[PDB]
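Okay, model09.tsv is below, TSV, C-alpha atoms (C1' of nucleotides):
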chain	number	residue	atom	x	y	z
A	596	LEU	CA	52.08	176.28	398.91
A	597	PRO	CA	50.52	173.29	397.12
A	598	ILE	CA	50.99	170.07	399.05
A	599	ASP	CA	52.29	168.37	395.89
A	600	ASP	CA	55.14	170.90	395.82
A	601	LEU	CA	56.34	169.19	399.02
A	602	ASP	CA	57.40	166.24	396.80
A	603	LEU	CA	54.82	163.71	398.00
A	604	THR	CA	53.93	160.22	396.81
A	605	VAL	CA	51.36	158.19	394.85
A	606	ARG	CA	48.59	157.77	397.43
A	607	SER	CA	48.77	161.33	398.77
A	608	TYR	CA	48.74	162.76	395.24
A	609	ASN	CA	45.72	160.65	394.30
A	610	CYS	CA	43.89	161.64	397.48
A	611	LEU	CA	44.52	165.35	396.95
A	612	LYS	CA	43.60	165.14	393.25
A	613	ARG	CA	40.37	163.13	393.44
A	614	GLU	CA	39.05	164.95	396.51
A	615	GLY	CA	40.35	168.46	395.80
A	616	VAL	CA	42.79	169.53	398.52
A	617	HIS	CA	45.14	171.99	396.85
A	618	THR	CA	47.12	174.20	399.26
A	619	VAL	CA	49.00	173.60	402.50
A	620	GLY	CA	47.00	176.47	404.00
A	621	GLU	CA	43.93	174.27	404.36
A	622	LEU	CA	46.19	171.50	405.70
A	623	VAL	CA	47.64	173.75	408.41
A	624	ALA	CA	44.09	174.90	409.16
A	625	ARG	CA	42.83	171.30	409.41
A	626	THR	CA	43.87	169.31	412.47
A	627	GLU	CA	45.16	165.74	412.55
A	628	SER	CA	41.74	164.41	413.52
A	629	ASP	CA	40.13	166.42	410.72
A	630	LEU	CA	42.57	164.99	408.15
A	631	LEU	CA	42.66	161.35	409.30
A	632	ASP	CA	38.89	160.97	408.81
A	633	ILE	CA	39.41	160.14	405.12
A	634	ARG	CA	38.90	156.49	404.20
A	635	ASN	CA	41.73	154.35	402.77
A	636	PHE	CA	44.18	156.75	404.43
A	637	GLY	CA	47.83	155.71	404.44
A	638	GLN	CA	50.02	155.47	407.51
A	639	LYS	CA	52.90	156.82	405.41
A	640	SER	CA	50.68	159.75	404.45
A	641	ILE	CA	49.91	160.38	408.13
A	642	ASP	CA	53.61	160.23	409.00
A	643	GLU	CA	54.69	162.57	406.21
A	644	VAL	CA	51.90	165.08	406.91
A	645	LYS	CA	52.83	165.06	410.60
B	1	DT	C1'	16.50	316.24	415.47
B	2	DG	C1'	14.17	312.69	416.50
B	3	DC	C1'	10.62	309.77	413.99
B	4	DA	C1'	7.92	307.04	411.54
B	5	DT	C1'	8.60	304.50	407.41
B	6	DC	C1'	10.08	301.60	405.03
B	7	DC	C1'	14.15	298.61	404.04
B	8	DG	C1'	16.61	294.87	404.03
B	9	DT	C1'	18.69	291.05	406.86
B	10	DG	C1'	17.65	286.17	408.74
B	11	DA	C1'	14.62	281.77	410.36
B	12	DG	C1'	15.92	272.39	409.31
B	13	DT	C1'	15.08	267.40	407.31
B	14	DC	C1'	14.66	262.67	403.83
B	15	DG	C1'	2.92	264.24	395.20
B	16	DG	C1'	5.84	265.82	389.28
B	17	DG	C1'	3.63	269.34	384.08
B	18	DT	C1'	-1.73	273.44	385.22
B	19	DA	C1'	-3.44	278.72	379.05
B	20	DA	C1'	-5.62	284.15	374.56
B	21	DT	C1'	-7.96	286.36	371.00
B	22	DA	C1'	-11.15	289.87	365.42
B	23	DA	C1'	-6.73	289.91	361.96
B	24	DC	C1'	-6.57	288.96	356.71
B	25	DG	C1'	-5.31	289.46	351.36
B	26	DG	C1'	-1.43	290.30	348.07
B	27	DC	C1'	3.33	290.12	346.28
B	28	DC	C1'	8.64	288.56	346.48
B	29	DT	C1'	12.27	285.50	346.88
B	30	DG	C1'	15.35	281.97	348.75
B	31	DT	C1'	16.72	277.62	349.39
B	32	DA	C1'	15.67	272.66	348.67
B	33	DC	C1'	13.92	269.63	345.51
B	34	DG	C1'	12.50	267.69	340.96
B	35	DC	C1'	12.77	267.01	335.49
B	36	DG	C1'	15.54	265.78	331.56
B	37	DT	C1'	19.86	264.92	329.00
B	38	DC	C1'	24.71	263.65	328.66
B	39	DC	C1'	29.21	261.44	329.63
B	40	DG	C1'	33.35	259.07	332.15
B	41	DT	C1'	33.45	254.66	334.57
B	42	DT	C1'	33.25	250.02	335.18
B	43	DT	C1'	31.71	245.74	334.17
B	44	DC	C1'	31.22	242.17	331.76
B	45	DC	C1'	31.51	238.33	326.78
B	46	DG	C1'	35.56	236.62	323.86
B	47	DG	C1'	39.79	235.71	321.33
B	48	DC	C1'	44.49	233.96	320.37
B	49	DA	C1'	50.35	235.29	321.20
B	50	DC	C1'	51.47	231.68	323.16
B	51	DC	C1'	53.05	230.43	329.08
B	52	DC	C1'	53.14	226.01	328.95
B	53	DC	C1'	51.20	221.92	333.35
B	54	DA	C1'	50.15	218.45	334.39
B	55	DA	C1'	48.21	213.77	336.08
B	56	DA	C1'	48.36	210.24	333.03
B	57	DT	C1'	51.21	206.85	329.77
B	58	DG	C1'	55.44	203.82	328.05
B	59	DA	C1'	59.62	201.30	329.99
B	60	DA	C1'	63.04	199.18	333.71
B	61	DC	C1'	64.04	197.33	338.16
B	62	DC	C1'	65.96	194.94	341.40
B	63	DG	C1'	66.00	194.11	346.07
B	64	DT	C1'	62.98	192.38	348.69
B	65	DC	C1'	59.28	190.06	350.18
B	66	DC	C1'	56.77	186.20	348.88
B	67	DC	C1'	57.21	180.85	347.25
B	68	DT	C1'	60.05	175.70	347.45
B	69	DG	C1'	64.16	171.88	349.44
B	70	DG	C1'	65.67	169.30	352.80
B	71	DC	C1'	68.16	168.74	357.06
B	72	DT	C1'	68.24	168.19	360.92
B	73	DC	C1'	68.51	166.96	366.79
B	74	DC	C1'	64.83	166.79	370.33
B	75	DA	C1'	61.06	166.51	373.27
B	76	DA	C1'	56.34	164.52	372.99
B	77	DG	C1'	54.34	160.13	372.29
B	78	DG	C1'	54.46	155.09	372.74
B	79	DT	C1'	56.55	150.68	375.83
B	80	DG	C1'	57.78	147.57	380.04
B	81	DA	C1'	57.25	146.75	385.16
B	82	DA	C1'	55.87	146.64	390.03
B	83	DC	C1'	53.84	148.39	393.57
B	84	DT	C1'	51.44	150.56	397.01
B	85	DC	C1'	47.50	151.80	398.05
B	86	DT	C1'	42.57	150.60	396.39
B	87	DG	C1'	39.37	147.77	396.26
B	88	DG	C1'	36.70	143.21	395.77
B	89	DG	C1'	35.95	139.11	397.63
B	90	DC	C1'	36.33	136.11	401.77
B	91	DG	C1'	36.42	133.94	406.24
B	92	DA	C1'	35.56	134.36	411.66
B	93	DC	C1'	32.92	135.28	415.44
B	94	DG	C1'	29.23	136.73	418.36
B	95	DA	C1'	24.69	138.48	421.66
B	96	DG	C1'	20.90	140.26	420.67
B	97	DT	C1'	17.74	137.32	418.37
B	98	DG	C1'	13.82	133.19	417.94

Could you express the structure from this file as structure tokens?
Amino acid sequence: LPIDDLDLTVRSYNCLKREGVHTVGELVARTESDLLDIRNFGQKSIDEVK
DNA sequence: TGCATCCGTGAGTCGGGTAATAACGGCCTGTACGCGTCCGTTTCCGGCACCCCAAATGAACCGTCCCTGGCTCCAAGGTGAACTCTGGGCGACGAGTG
């Protein structure tokens, strides 16, 4: 599924659109350390992804 | 009444073909073939009695497949805010630096 289909918010949508993360398959493949490396990452984004 | 004298029986299996003598006119005809002429056949040009036959020549024709009128009734486009990152700019502080 697309991550946006999970009814996410402004910062997460902008991060997935500018960078190019499209499906939750790559998110479930990527670990928490591999996803928190992004700069200007939001604590709310971390909480919702967790 | 033997006795020789034939006499007639029989005796296995999957390169070819090799020749004389005196014979010779003369006449008849029988069938197949050739010549010339003649005639039924058939084969092809032409005409109306008309048989008309026909695509081509005049309508509608009107329902339908094209235009115009305008009316809407809604979702795309334009209008705010604030806000939550997003980022720029800013100040603080130090231990390797001088």

Contact table region 14-94 of chain B vs region 631-639 of chain A, cut-off 10 Å, shortest pair per residue, all atoms listed in the file, as a Markdown table:
| residue | atom | partner | partner_atom | distance |
| --- | --- | --- | --- | --- |
| B:84 | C1' | A:637 | CA | 9.7 |
| B:85 | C1' | A:637 | CA | 7.5 |
| B:86 | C1' | A:635 | CA | 7.4 |
| B:87 | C1' | A:635 | CA | 9.6 |

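CA of residue 615 (chain A) is found 20.4 Å from CA of residue 642 (chain A).
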
Worksheet item: At what distance in Å, to one decimal, does CA of residue 627 (chain A) lie from CA of residue 599 (chain A)?
Response: 18.3 Å

Find the axis-aligned box for region 23-37 of chain B, covering all its listed atoms and adding 6 Å on each side, and write its centre and edge lengths in Å to one decimal as JSON.
{"center_x": 6.6, "center_y": 277.6, "center_z": 345.5, "size_x": 38.6, "size_y": 37.4, "size_z": 45.0}

Fill in: Computed interatomic separation between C1' of residue 82 (chain B) and CA of residue 610 (chain A) (Å)
20.6 Å

Fill in: Distance query residue 623 (chain A) at most 12 Å, only C-alpha atoms (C1' of nucleotides), self and fewer than 3 positions along chain excluded, as a VMD selection string
chain A and resid 596 to 598 616 to 620 626 to 627 629 to 630 644 to 645
